[PDB]
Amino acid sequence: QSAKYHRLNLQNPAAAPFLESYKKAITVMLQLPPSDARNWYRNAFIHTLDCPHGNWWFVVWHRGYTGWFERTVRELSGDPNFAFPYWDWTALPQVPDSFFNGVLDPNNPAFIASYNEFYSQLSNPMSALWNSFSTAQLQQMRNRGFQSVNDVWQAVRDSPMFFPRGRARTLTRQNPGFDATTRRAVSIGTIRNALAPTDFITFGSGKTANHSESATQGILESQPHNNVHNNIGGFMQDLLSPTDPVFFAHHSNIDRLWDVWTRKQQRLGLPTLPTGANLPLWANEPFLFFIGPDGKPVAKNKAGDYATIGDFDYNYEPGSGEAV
């Protein structure tokens, strides 16, 4: 409800200055040395190393990642009111024309142009990062199948996760629209189906032992989230997706739909989180890789710490699905 910061619809004319502030922060982070954890690519690699896909940690990990990166964009933009505008793809089933302007477009020549240059710039920092990992961080890497930083590079190079200049997205300014399947995935009918569940797991995707495992998926993850990623193409179709600035507009919308669901559950007098014995299993999952606006590792390193918007202190301009 009452909050200091406001995540606006990116089509809101009042959001236009925040998109300029975002451009300023991207330009800064592309120009930070990759020894700085707020370097644009260092930021993307948090997602490669730690993001949950296909499990009940999906919305809560993304709340933490987006909430920390918002503070970093706020700091480096010099815009003390900054909050991430959301992409309401239900209203706008296309890459926003605004995200083809300047450094919101990852084809912009300010971005690293090739895998060769990316590895040249990021290999020494990522090796130094690996060598600094705690016992607990190396266990998370083992859970994810990474025995060394070169396992991370194998997945980047071979997937591929990095896309060269001209291929940073499949969708273009001239042809920005979703295909029929992705239009149905973001449709108001699908959004209502996504919000309909009355238990956290059915809403938020399946229970697993650790957040690097795959389980069954909820509608929110499997339809609008996954199909928007894949339809955009390029970085957005794989685990270096936060290289594309539109990633945070996408996740601002996902987090808004979580906020909608939570308030709907509260209205029905139903639980807002996993219940009984599931709650501590879900809350105690280690999230060990988030970076604050000072470039330092964050203290709050359990999933449970990110269950509520809490100290991130934002709310949303209401968007698609609010009336549920």
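A residue's number is simply how far along the shown sequence it sits, counting from 1.
Q: Taking the recorded C-alpha temperature factors, which stretch has the higher mean, 183-191 or 247-255?
A: Looking at the recorded C-alpha B-factors, 183-191 comes out higher on average.
Q: Can you tell me whether 219-227 has a higher mean C-alpha B factor than 171-179 in this record, or the other way round?
A: In the deposited entry, the stretch with the higher C-alpha B-factor mean is 171-179.
Q: I'd like to know which of 90, 147, 205, 154 has the highest C-alpha temperature factor in the PDB entry.
A: Most elevated C-alpha B-factor of the set, per the entry: 147.
Q: Can you tell me which of 271, 295, 33, 64 has the maximum CA B-factor listed in the PDB entry?
A: Top of the list by C-alpha B-factor: 271.
Q: Relative to the other modelled residues of the same chain, rank the CA B-factor of residue 198 and answer lowest, middle or highest third.
A: It belongs to the highest third of the chain when residues are ordered by C-alpha B-factor.
Q: For the chain shown, is the CA B-factor of residue 123 in the lowest, middle or highest third of its modelled residues?
A: Tercile = middle for this residue's CA B-factor.
Q: Looking at the C-alpha B-factor of residue 49, is it in the lowest, middle or highest third of its chain?
A: CA B-factor rank for residue 49: middle third.
Q: With respect to C-alpha B-factor, does residue 166 fall in the lowest, middle or highest third of the chain as deposited?
A: Answer is highest: the recorded C-alpha B-factor places it there.
Q: Once the chain's modelled residues are ordered by C-alpha B factor and cut into thirds, is residue 263 in the lowest, middle or highest one?
A: It belongs to the middle third of the chain when residues are ordered by C-alpha B-factor.
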